[PDB]
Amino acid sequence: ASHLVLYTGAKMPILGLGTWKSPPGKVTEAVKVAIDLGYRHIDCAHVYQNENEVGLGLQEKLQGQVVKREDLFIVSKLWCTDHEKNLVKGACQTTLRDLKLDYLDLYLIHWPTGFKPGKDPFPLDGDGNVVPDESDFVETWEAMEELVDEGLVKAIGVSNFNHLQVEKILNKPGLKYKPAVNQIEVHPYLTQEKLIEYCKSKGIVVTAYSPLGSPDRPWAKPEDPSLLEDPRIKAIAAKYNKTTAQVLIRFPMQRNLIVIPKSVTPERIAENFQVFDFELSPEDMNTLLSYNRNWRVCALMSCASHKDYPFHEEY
């Protein structure tokens, strides 16, 4: 479509640049190059440790009159150690200052899981699992609502919430704003049609993260399945005279999901924008959907015992 529309009215660009694992000394040029290629949406997060450097690229493009702030759709996320209601405004302000922006277009609760506050991002105990705080994400949701009320963010949403977690927000007494977006892992090996269908029935947009399976994820050990080099999808690419990457990016788009592929490589940032020039015929769509192995790349195993760990539920 080019954009999907959130329930607030705001047009959210269907393709965005992902910045997880984009190193601080590469992400400014990547952001700059992307905006030069026409990307108008950047997905960021406090925990990626490069929002300052994202802010540099953006500032350059905005002072250089290459883009108007209204044309940009910048997303960031509230980290797990900042879920306590009193910590939320502070975390949104750090992110705003680092990004050098006055408001965010979308701010997401990054994971349902609140971790014990402190500077350490993943506070681990002696057994090695993560330490929980004393908060419920419904209380965090309320402080996220105050950010809308003050004009710090134009829309709020969640990420990696299962449908019962989304339900607990939707059914909250006093709910002022509902999640405009649920950003979740989606790719052939985790097609997520139940959660997607659910959010779509509730009028929540879906952003598919890790559209290519994340080759650069630290935990990639040699025996892993590589979506990009899986001969089956490379074959349907060959037919399309498109790459495995461009077709794995076209797939969520054809499902009416926002896609945010990550690349710091200029050439691949341009290739990933070169997806608006074709359609996959319905057999192809069915051929990729049938690869649902329910293979998660972002499982957060360290937090599997957490009361709000999202993935013990089916969807």
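Sequential numbering from 1, following the sequence displayed.
For the segment pair 56-64 and 281-289, the entry gives 281-289 the higher mean B-factor, averaged over Cα atoms. On average the C-alpha atoms of 235-243 have higher B-factors than those of the other stretch, with 235-243 and 132-140 being the two compared. Within the listed group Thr113, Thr95, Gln165, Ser226, the record reports its top CA B-factor for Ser226. The entry lists C-alpha B-factors for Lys176, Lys172, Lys89, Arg217, and the highest of these is at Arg217.
Placement of the Cα temperature factor of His46 within the chain: lowest third of the modelled residues, per the deposited record. Among the modelled residues of its chain, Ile269 has a C-alpha B-factor that falls in the highest third according to the deposited record. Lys77 sits in the lowest third of its chain by CA B factor, as recorded in the PDB entry.
Split the chain's modelled residues into thirds by C-alpha temperature factor. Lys221 is in the highest one. When the modelled residues of the chain are ordered by C-alpha B-factor, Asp71 sits in the lowest third.
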